[PDB]
Amino acid sequence: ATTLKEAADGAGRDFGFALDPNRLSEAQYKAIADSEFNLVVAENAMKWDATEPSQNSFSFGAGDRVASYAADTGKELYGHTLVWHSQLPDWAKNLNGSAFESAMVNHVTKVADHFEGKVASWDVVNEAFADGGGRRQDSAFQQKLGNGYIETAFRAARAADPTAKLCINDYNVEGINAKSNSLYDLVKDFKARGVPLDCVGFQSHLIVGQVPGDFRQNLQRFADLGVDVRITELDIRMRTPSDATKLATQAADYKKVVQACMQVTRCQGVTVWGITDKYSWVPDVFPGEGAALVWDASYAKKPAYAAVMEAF
Ligand SMILES: O[C@@H]1[C@@H](O)[C@H](O[C@@H]2CNC[C@H](O)[C@H]2O)OC[C@H]1O
């Protein structure tokens with residue numbers, strides 16, 4: 001294969017990227033986007049703050065741009081995300097009880113319906129759990145509605161879109177641990193009670209040289225519950241600046257991640273959280289860390305590229 005798109009296509013899997021629609025006007029960005037991936041997800045355009053800035057006032061221009069790009073270039077479209085405690089507008093945080101629940105349900109229905117038939121899979125609920133196990137302790141949904149908001153969101157999404165693959169996503173759940181265990185129980189419960197749920201998305205925002213050794217085993221146990229699994233936001237951050245050794249370790253890590261997916265029949269694929277280090281979200285969020293993607297700031301392929309190609 002000459003591109004990662006061809007590599008993934010040949011393996012019967014998806015290799016996607018998180019898109020910022022504004023960057024499509026940047027030639028090199030568009031070129032890589034068009035030729036190296038077969039799946040796209042909106043990095044921010046489909047989130048609550050971008051789609052419902054004011055209650056009952058939806059703004060789909062940006063999300064539409066991402067959707068159109070996917071259809072126009074023949075790429076699968078992944079939706080991110082309907083219910084998330086972050087990037088949730090204040091107007092929503094100011095609501096409580098029935099009023100808040102009604103806003104959540106309507107947000108889910110309106111957004112899922114708007115992209116119905118275009119978005120093939122949704123991260124319906126994102127980051128519901130806490131590192132160490134249990135529910136997240138700073139979520140407006142967890143605090144205002146309690147444990148049952150997750151099931152409500154999934155049922156509401158299914159009602160609005162009867163065929164879309166409905167997923168629950170989280171980070172720090174790639175290996176078997178307290179957090180992934182809580183998520184595992186949730187998945188098993190939902191399947192047992194017939195609650196709509198078709199997939200689990202493992203963000204996979206990892207640290208260089210720290211890929212869980214039981215990643216594949218963990219992916220397989222979830223898949224064995226009767227759902228598909230997918231790596232949704234892969235990036236492997238290192239201490240900046242980067243150097244030969246760090247980039248080498250990173251490449252080996254990318255290979256291990258893609259391999260784990262290849263080793264599980266139900267792993268739909270791997271989506272990296274961006275194309276270039278130039279725009280990666282890491283530096284601004286993790287001071288002193290970065291150089292997490294496959295292309296560097298000059299759009300030059302890093303060693304990770306060859307590793308992903310080989311892994312597929
Ligand atoms: O631009 C960033 C964006 O990359 C980031 O994306 C989140 C990363 N963590 C997991 C989530 O599910 C993603 O939405 O969100 C913050 C934005 O400023």
Side-chain angles (χ1 to χ4, degrees), residues 16-24 26 29 33 37 39-53 59 62-63 65-66 77-90 92-93 107-108 111 115 119 121-131 135-142 149-150 153-154 157 165-174 179-180 183 186 199-207 210 229-237 257 268-287 289-295 297:
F17 78 101
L19 173 71
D20 170 345
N22 294 321
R23 305 304 182 189
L24 292 176
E26 182 170 339
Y29 182 97
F37 307 91
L39 178 153
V40 54
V41 59
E43 172 179 35
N44 288 296
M46 305 182 184
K47 292 177 176 172
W48 197 311
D49 62 339
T51 56
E52 206 183 343
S59 171
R65 187 69 188 85
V66 178
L77 209 206
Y78 195 84
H80 179 78
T81 170
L82 303 175
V83 179
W84 185 35
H85 73 286
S86 179
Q87 285 180 73
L88 180 68
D90 296 325
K93 294 182 177 180
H107 184 82
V108 174
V111 179
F115 292 106
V119 178
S121 320
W122 277 104
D123 271 340
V124 174
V125 176
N126 190 35
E127 311 185 337
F129 301 88
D131 292 354
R135 297 301 186 90
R136 167 167 291 277
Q137 299 283 296
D138 60 356
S139 166
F141 299 89
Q142 184 64 53
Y149 82 87
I150 183 180
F154 274 91
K165 291 298 172 188
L166 310 183
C167 324
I168 175 166
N169 196 47
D170 224 322
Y171 65 91
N172 280 1
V173 290
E174 292 71 44
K179 194 178 188 181
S180 67
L183 177 64
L186 180 304
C199 38
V200 180
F202 302 73
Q203 287 184 24
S204 301
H205 283 300
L206 314 168
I207 293 181
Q210 288 183 38
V229 298
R230 179 194 299 280
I231 292 176
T232 55
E233 310 183 21
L234 181 63
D235 58 24
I236 314 181
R237 60 180 191 281
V257 173
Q268 304 305 112
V270 173
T271 292
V272 293
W273 208 239
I275 295 177
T276 175
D277 290 333
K278 180 179 183 182
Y279 299 135
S280 178
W281 75 303
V282 177
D284 289 3
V285 175
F286 303 97
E289 295 178 74
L293 295 174
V294 183
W295 276 265

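Start at 1 and go down the list; that is how both ligands and their atoms are numbered. If you read the sequence from its start, that first residue is 1, and numbering goes on from there.
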Between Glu26 and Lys278, is there a side-chain N and carboxylate O pair less than 4.0 Å apart? yes
Contacts of type side chain to side chain donor-acceptor pair (under 3.5 Å), residue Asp235, not counting sequence neighbours: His205, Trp281
Measuring from [X]:[atom1] to [Y]:[atom2], what's the distance to the nearest 0.5 Å?
X: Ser280; Y: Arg237; atom1: OG; atom2: CZ; value: 10.0 Å
X: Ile275; Y: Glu43; atom1: CD1; atom2: CD; value: 10.5 Å
X: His85; Y: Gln142; atom1: NE2; atom2: CD; value: 11.5 Å

Enumerate the protein residues lying less than 4.0 Å from ligand 1, judged by heavy-atom distances, in chain and residue-number order. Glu43, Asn44, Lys47, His80, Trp84, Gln87, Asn126, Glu127, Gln203, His205, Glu233, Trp273, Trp281
Specify whether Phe17 and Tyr29 have parallel, tilted or perpendicular ring planes, treating 30° as the upper limit for parallel and 60° as the lower limit for perpendicular. perpendicular
